[PDB]
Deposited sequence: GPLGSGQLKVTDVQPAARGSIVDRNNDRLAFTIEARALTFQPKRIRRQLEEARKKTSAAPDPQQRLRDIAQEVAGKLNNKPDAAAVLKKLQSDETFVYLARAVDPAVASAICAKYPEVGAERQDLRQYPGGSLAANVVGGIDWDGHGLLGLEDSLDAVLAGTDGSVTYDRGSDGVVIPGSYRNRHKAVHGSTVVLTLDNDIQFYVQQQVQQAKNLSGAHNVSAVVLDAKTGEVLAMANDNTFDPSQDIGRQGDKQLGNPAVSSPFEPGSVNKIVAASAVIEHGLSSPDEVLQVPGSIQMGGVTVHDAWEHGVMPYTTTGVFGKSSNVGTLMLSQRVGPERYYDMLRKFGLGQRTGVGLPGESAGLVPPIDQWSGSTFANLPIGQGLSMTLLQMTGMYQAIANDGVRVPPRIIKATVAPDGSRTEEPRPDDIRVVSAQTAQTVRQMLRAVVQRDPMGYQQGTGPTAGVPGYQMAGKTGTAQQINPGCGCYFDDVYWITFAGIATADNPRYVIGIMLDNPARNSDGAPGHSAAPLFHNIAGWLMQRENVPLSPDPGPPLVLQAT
C-alpha cells in the first residue's frame, strides 16, 4: 500500500502562489494542479502532465523537488518542497501584458522582456508574447508560445552590444566621454566596408555621441584602440557565449567565435553586435554588470526552497565577476543617458529619446540587428531584431530592463519606426511610480 507525496507549490518572491495542488477525486483520489494566474509567467512555471508530474518548464525541471517521493508500508512520505522564485508577480503581470501589446502594436513576430534587480541580478520579470495557459490542454495550444525564448532563443544583438566597446575603451583609459572625435561616414576595416545608418561627412561626435547616436564607424574607431584581445577578453567577462546558470530549462549559451578562429572581418563586426548571438537574458545581464558598479552577478530565478516542515533554505548566491571598475561603470551609465536625450534641434539627440522618463536619469542603448536570410547565407536588408536595454536609474540603479522585438513593422507603441524604446519608457516609468522614487546640464553628443 502506497502513501502519495503531496506536490509542492511554486510561488513568487512574496509567496504569491503561481502553482499549487488541491486534492480531488475521479485511481479514486486525484490531485489537481491549479494556476490561479493562468498564463502569468507560464513561460517560466510550465505545466503539468496527466500523471501529476511536470510536463515542461520548472514543473518538469524541478519535478524531483516539487514531487517529493512516495512513502510505503515502512517508509515515510517525503512531500514536495515549495519553490520560491525571484519573480515579483505584480511586475511580471505588468511586463507580460505590456509585452503582449507591444507585439500587437508593433507587428513583430514576437516580443520578450527581462527585468533584473540591478544589484543582485535576480530575475524580477521574464515574459514573452503569446504565452500559453497551463490550466488548459497543451495539445490544443499549438498556436501558443509554450517555451521561454528569453533564455532559449539567441539573436544577434546589433548595437546594444556597443556597451562592450564603451566599457573597454573607458576601462583601459583609451578615451573619455568628452573626447571630440572625427568620424567619417564609412571606413574600410578587416577587408570590409562599414557604414553608419545615416549619410554624413566627418562629424565631430563626442565619444558620448558615438554611443548616443550609435555611430558604427565611431564604435569601430574606438574599438581599434582596444584591440581584439582586450575586446574579446571583455566579451568573455560580460558573460557572452556562456550559460548564466539561471536555473531554467533549455537555456542557450549563444555564440561567440573564439579569438583563435576569427577571420579578417570578425573584429569589424563583433563591436557593433553582428557575428555573434546572445539570449535576451545574457543581453540584460551585461547591463546589470554596468548597473552594479561593474560587478556582474549571474541572474537567478530560484530564490529559495521551503521544506515540507516549513524550514526555508535560500539559494546559494553566485560568485561576483568584476568586469570593469566602479568608476568605469558609473561613467558608462552617465554616457548612456545620451541615448535617451531629446534635442529639438537634432544635434544633441540620441537614438532613443522616447525611452527617457523626465525626472529620472534613465540610461540605455538601442539596437537594430539584421537577421540572417536563411535562403542565401547572407543578411536580410529589411528584417531586424530590435533591442533596447536600460537601467533605472543611472544615479541609483535599481532595475535593468532588456527588450527584443522580432522584426516589428512599427514602434512598440504603434507609431511609425522600429523602436523598442517606448516599451522601455512604459516599464521603467511604471517601476519608478510604484516605488514612489523621487525626481543636470545637457550632454554633448556633437561638438562644433
Non-modelled portions of the deposited polymer sequence, in sequence order:
1-11, 38-119, 167-183, 550-553
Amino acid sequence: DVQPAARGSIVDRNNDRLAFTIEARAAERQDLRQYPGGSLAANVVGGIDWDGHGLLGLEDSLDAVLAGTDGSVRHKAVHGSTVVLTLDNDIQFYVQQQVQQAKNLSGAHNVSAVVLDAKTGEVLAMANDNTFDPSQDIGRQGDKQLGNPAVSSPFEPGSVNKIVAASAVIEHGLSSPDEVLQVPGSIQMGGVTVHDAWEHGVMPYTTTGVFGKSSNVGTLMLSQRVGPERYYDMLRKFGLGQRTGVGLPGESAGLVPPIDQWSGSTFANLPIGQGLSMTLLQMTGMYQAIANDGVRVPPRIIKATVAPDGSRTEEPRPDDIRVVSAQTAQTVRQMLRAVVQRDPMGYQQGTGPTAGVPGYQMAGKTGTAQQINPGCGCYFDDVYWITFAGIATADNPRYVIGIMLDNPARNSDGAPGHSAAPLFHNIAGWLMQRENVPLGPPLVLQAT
From here on, numbers count along this sequence of modelled residues.
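Here, rigid core means the biggest group of C-alpha atoms that superpose within 1.5 Å across both forms.
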Could you say which moves further from this form in 5 other deposited structures of this protein, stretch 330-338 or stretch 373-381, by root mean square CA distance after aligning on the core?
373-381
Stretch with the higher entry mean CA B-factor, where the candidates are 27-35 and 394-402:
27-35
The stretch whose C-alpha atoms carry the larger average B-factor in the entry, 273-281 or 301-309, is 301-309
Out of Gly364, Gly254, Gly107, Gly201, which residue has the highest Cα temperature factor in the PDB record?
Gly201
Looking at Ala165, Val194, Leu116, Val210, which has the highest CA B-factor as recorded?
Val194
Report the third (lowest, middle or highest) to which the CA temperature factor of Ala77 belongs, ranking only the modelled residues of the same chain.
highest
B-factor third for the C-alpha atom of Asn43 within its chain:
lowest
Taking only the Cα B-factors deposited for this chain, tell me whether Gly227 sits in the lowest, middle or highest third.
highest
So where's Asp260 on the chain's Cα temperature factor ranking, which third?
highest
Assigned third (lowest, middle, highest) for the C-alpha B factor of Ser412:
middle
